[PDB]
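A.B. asks: Before I ask anything, here is the structure I am working with.
Values in this text are rule-based calculations from the coordinates and carry no lab data. Backbone-built Cβ (ideal geometry, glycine too); neighbour counts: all protein chains shown.
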There are 2 protein chains.
Amino acid sequence: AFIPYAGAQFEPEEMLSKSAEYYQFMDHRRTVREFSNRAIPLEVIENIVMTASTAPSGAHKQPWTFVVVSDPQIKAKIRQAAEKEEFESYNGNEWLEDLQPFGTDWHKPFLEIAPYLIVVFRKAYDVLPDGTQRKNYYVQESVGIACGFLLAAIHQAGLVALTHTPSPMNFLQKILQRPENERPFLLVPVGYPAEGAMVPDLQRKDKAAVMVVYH
Amino acid sequence: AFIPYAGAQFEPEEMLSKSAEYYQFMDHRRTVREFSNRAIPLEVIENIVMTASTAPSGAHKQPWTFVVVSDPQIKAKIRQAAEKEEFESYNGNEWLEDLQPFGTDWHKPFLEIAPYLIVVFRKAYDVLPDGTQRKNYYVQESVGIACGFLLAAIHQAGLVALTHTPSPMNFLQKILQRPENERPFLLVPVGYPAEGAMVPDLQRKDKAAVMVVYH
Ligand SMILES: Cc1cc2nc3c(=O)[nH]c(=O)nc-3n(C[C@H](O)[C@H](O)[C@H](O)COP(=O)(O)O)c2cc1C
Ligand SMILES: Cc1cc2nc3c(=O)[nH]c(=O)nc-3n(C[C@H](O)[C@H](O)[C@H](O)COP(=O)(O)O)c2cc1C
Ligand SMILES: N[C@@H](Cc1ccc(O)c(I)c1)C(=O)O
Ligand SMILES: N[C@@H](Cc1ccc(O)c(I)c1)C(=O)O
């Protein structure tokens, strides 16, 4: 069965102004690594997560699981395991030169200070109630896109985030007790920014370095 | 060097209402496969693309190239190559059962009818002017997220899109003449929806199937 499309449509002038304003708005977004521990209603995070879940996906499999962690003990254990992996990584060269402008150590207090950690898992396949497996398609792409929606929703809500690698992969899977068809994809602490929060003075690429037009 | 974070912040009640409204808004987004060929100013697409490019990325490499195609001859050649690949795929089983509710053939008139095709490329590495290579990190994740921003921006602008696999991979790379460090990631036709546009009557997963909360 099919149904008519019910999306809002605008005339060219509204479209120009809307697209210009959204660009300016999203250009203000920056990765923030120093959080306030100020509380946020679960309902806001739920809205944000289900917004991420409206993303398109290969064959409409929605091959993702969002684990929302506010439990300070689990956050503590996650931070501990994460800080341990990085300690080994930060001493054992191309990489280290690329990382210089961000001023990051193996320290990760944001993993406990942020009121919520959103841990994104990808699903390689679904397990029917039969025990049988049914594979999903273009999972990497689908979950990446959903993560894009997640971050867009976080910004829309006036919050900040830090997109973080899912290390330690094994530990995240264990402590959050996710099944075999799932693997950690991203780790995203969410919260208000610290009052005096600073970010690296970075510049994004210009149109010419990012965009190629075939008229 | 560092600079203060300059993002908009709201009080809990605005945050709740903003997050609820954005969820409803994004829930109206649907993949559309029947387009209007109504023209759109390049400036809107530029705004949309540079909005995608504000996404976070591993080590701030922004490992992506956005190829915007409006040239009807290139679109014609792309559609031809794409339709040929799919013809072979649609006859040569798990997949075909999963694809039934979308009612798609190997036909792809949208690849010419859509006023713009946005072809997203990922960059495995950068090539310095020395000829030397400098690898990028978590490219799949970064470009996926940027694609999420792209689609969020398209919806914000009142347009629709079809997230499409980058097939034929080799052909897209050839006709768009992209260098060796680049590979096709996604194909995204963009435009107004056809007046009587229909979409599959799908239902997205509920909170419980998508979300796990550790209180
Ligand atoms: C896939 C991915 C992984 C990332 N991993 C880390 C990380 O492990 N540690 C960190 O401090 N930042 C991480 N980041 C944040 C980037 O460093 C940041 O997005 C980049 O420096 C650009 O800053 P901006 O997002 O404010 O534009 C990651 C970003 C992405 C997209
Ligand atoms: C990575 C990816 C690849 C996709 N490839 C195709 C495709 O090749 N053909 C197609 O008709 N739709 C494709 N889609 C669209 C999905 O089928 C669509 O998002 C899904 O059916 C859910 O519909 P919705 O986006 O309206 O919620 C793709 C989506 C994603 C995320
Ligand atoms: N690319 C093919 C088949 C297809 C269709 C839908 C979809 O979500 C996925 I992943 C693949 C096509 O366009 O028909
Ligand atoms: N995960 C490490 C190192 C790091 C840092 C930034 C970055 O963009 C990437 I990819 C990796 C850390 O958190 O320090």
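A.B. asks: Among the candidates B:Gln140, B:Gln156, which residue alone is among the polar types (S, T, N, Q) and within 16 Å of ligand 4 (Cβ to nearest atom)?
C.D. replies: Unique residue meeting the criteria: B:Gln140.
A.B. asks: Oh, and also: Tally time: how many residues in region A:98-114 are farther than 16 Å from B:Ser57 by Cα and assigned to a helix (DSSP H, G or I)?
C.D. replies: Looking only at that region, the number is 4.
A.B. asks: Sticking with this structure for a sec: With (1) closer than 30 Å to B:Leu187 by Cβ; (2) within 12 Å of chain B (Cβ to nearest Cβ); (3) among the aliphatic types (A, V, I, L, M) as the list, and A:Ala124 as the residue in question, which single condition is left unmet?
C.D. replies: The failed condition is (2).
A.B. asks: Further, regarding this structure: A:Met50 - would you say it is away from ligand 1 (no atom under 16 Å from the Cβ) and either facing chain B (nearest Cβ under 7 Å) or not in a helix (DSSP H, G or I) (or both)?
C.D. replies: Against the criterion (away from ligand 1 (no atom under 16 Å from the Cβ) and either facing chain B (nearest Cβ under 7 Å) or not in a helix (DSSP H, G or I) (or both)), A:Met50 qualifies.
A.B. asks: Please go through region B:90-100 and pick out each residue that is within 10 Å of ligand 3 (Cβ to nearest atom) and either loosely packed, with under 10 Cβ neighbours inside 10 Å or within 12 Å of another protein chain (Cβ to nearest Cβ) (or both).
C.D. replies: Listed by number, the residues that qualify are B:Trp95, B:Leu96, B:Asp98, B:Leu99.
A.B. asks: Something else about it: Going by what's in this entry, would A:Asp105 be described as at the interface with chain B (Cβ under 8 Å from one of its Cβ atoms), surrounded by fewer than 20 Cβ atoms within 10 Å (Cβ to Cβ), farther than 20 Å from B:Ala146 by Cα and within 16 Å of ligand 4 (Cβ to nearest atom)?
C.D. replies: Criteria not met by A:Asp105.
A.B. asks: Here's something else I'd like to know. Could you figure out which of (1) closer than 15 Å to B:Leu150 by Cα; (2) buried (at least 16 other Cβ atoms within 10 Å of the Cβ); (3) among the acidic types (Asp, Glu) isn't true of B:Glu43?
C.D. replies: Every condition holds for B:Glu43 apart from (2).
Each row is one residue, and each column tells you yes or no for (1) under 24 Å from A:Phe25 (Cα atoms); (2) within 16 Å of ligand 1 (Cβ to nearest atom).
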{"site": "B:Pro101", "(1), (2)": "no, no"}
{"site": "B:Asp105", "(1), (2)": "no, no"}
{"site": "B:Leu128", "(1), (2)": "no, no"}
{"site": "B:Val139", "(1), (2)": "no, yes"}
{"site": "B:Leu162", "(1), (2)": "no, no"}
{"site": "B:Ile175", "(1), (2)": "no, no"}
{"site": "B:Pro184", "(1), (2)": "no, no"}
{"site": "B:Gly191", "(1), (2)": "yes, no"}
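A.B. asks: Ok, one more. Which one of the conditions (1) farther than 24 Å from B:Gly103 by Cα; (2) of a type outside the set (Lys, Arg); (3) facing another protein chain (nearest Cβ under 9 Å); (4) assigned to a strand (DSSP E or B) does B:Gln140 fail to meet, given that it meets all the rest?
C.D. replies: (4)
A.B. asks: Within region B:15-32, which residues are of a type in the set (D, E, K, R) and either at the interface with chain A (Cβ under 7 Å from one of its Cβ atoms) or within 17 Å of A:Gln9 (Cβ to Cβ) (or both)?
C.D. replies: Correct list: B:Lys18, B:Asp27, B:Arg29, B:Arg30.
A.B. asks: Within the set of pairs 6 or more residues apart or between chains, which connect a residue that is over 20 Å from B:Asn37 (Cβ atoms) inside region B:91-110 to a residue that is near ligand 3 (Cβ under 7 Å from one of its atoms) and not in a loop (DSSP other than H, G, I, E, B) with Cβ atoms less than 7 Å apart?
C.D. replies: B:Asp98/A:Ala59; B:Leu99/A:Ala59; B:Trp106/B:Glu86
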